[PDB]
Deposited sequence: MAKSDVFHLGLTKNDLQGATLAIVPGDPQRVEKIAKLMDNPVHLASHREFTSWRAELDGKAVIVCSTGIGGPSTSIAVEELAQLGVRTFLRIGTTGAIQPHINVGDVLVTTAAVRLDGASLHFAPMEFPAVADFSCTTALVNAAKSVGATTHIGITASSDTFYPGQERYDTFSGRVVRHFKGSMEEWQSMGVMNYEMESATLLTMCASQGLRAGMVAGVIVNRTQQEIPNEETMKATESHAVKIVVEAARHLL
């Protein structure tokens, strides 16, 4: 292998410069099938790789795992192999009342409630998506005919206290996160998520292009339709080549 974790060489990619990065390894094969010549590359830990083809051009589908740490490994080791554009896809939980289940979220920038982003750029540096990547995801959202929301996403290093959950073992949430959800709602933040801040800060500070699209499956305020998000990310990839 030419890289440490992914178990991949530069030859496997075959000139691929764009990668689609889901979170779950099980969804890697699924996305690859939408494109020409889908082939399994490697599988080590939370990193599953597949190659495909769009308009003759090779593309990578690779999993990140949960959190910025594992994501920082994946982006770096793909960048070592020639990947310059990264398209993030996931499923999230909205914190806004107007955002429904089945709706699509395209992230312009992330609230940096993580630790890994700080390893690439200081806190005052924006976790902003590449504009040409964001443009492609928005145009792809219109074509599929998705109910799309464009804005800011809060990226947390925890699923529980960082997203202000109290149904836990301790029932305790640290001071600075106590009452923070409502503050993000007041600031117009669409959703909680766990990888974007690291991903976006990594790319925006190292000359790489990044963009994120996610499908809403739950809403935390208001107490399976169609997977538009997957079709959007591959459509956007076509225009970014």
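Gaps between the deposited sequence and the modelled structure occur at positions 1-3, 227-235.
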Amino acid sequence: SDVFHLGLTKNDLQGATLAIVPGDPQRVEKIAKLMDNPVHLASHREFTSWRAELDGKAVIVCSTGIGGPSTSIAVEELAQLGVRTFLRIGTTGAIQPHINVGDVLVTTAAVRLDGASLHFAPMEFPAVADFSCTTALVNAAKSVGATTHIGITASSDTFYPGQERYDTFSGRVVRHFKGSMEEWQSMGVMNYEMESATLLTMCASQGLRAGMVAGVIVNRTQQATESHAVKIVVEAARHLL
From here on, numbers count along this sequence of modelled residues.
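Comparing 195-203 with 57-65, the stretch with the higher mean C-alpha B-factor in the PDB entry is 57-65.
Per the PDB record, of the two stretches 40-48 and 205-213, 40-48 carries the greater mean B-factor over its C-alpha atoms. Ranking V174, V28, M181, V189 by the C-alpha B-factor listed in the PDB entry places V28 at the top.
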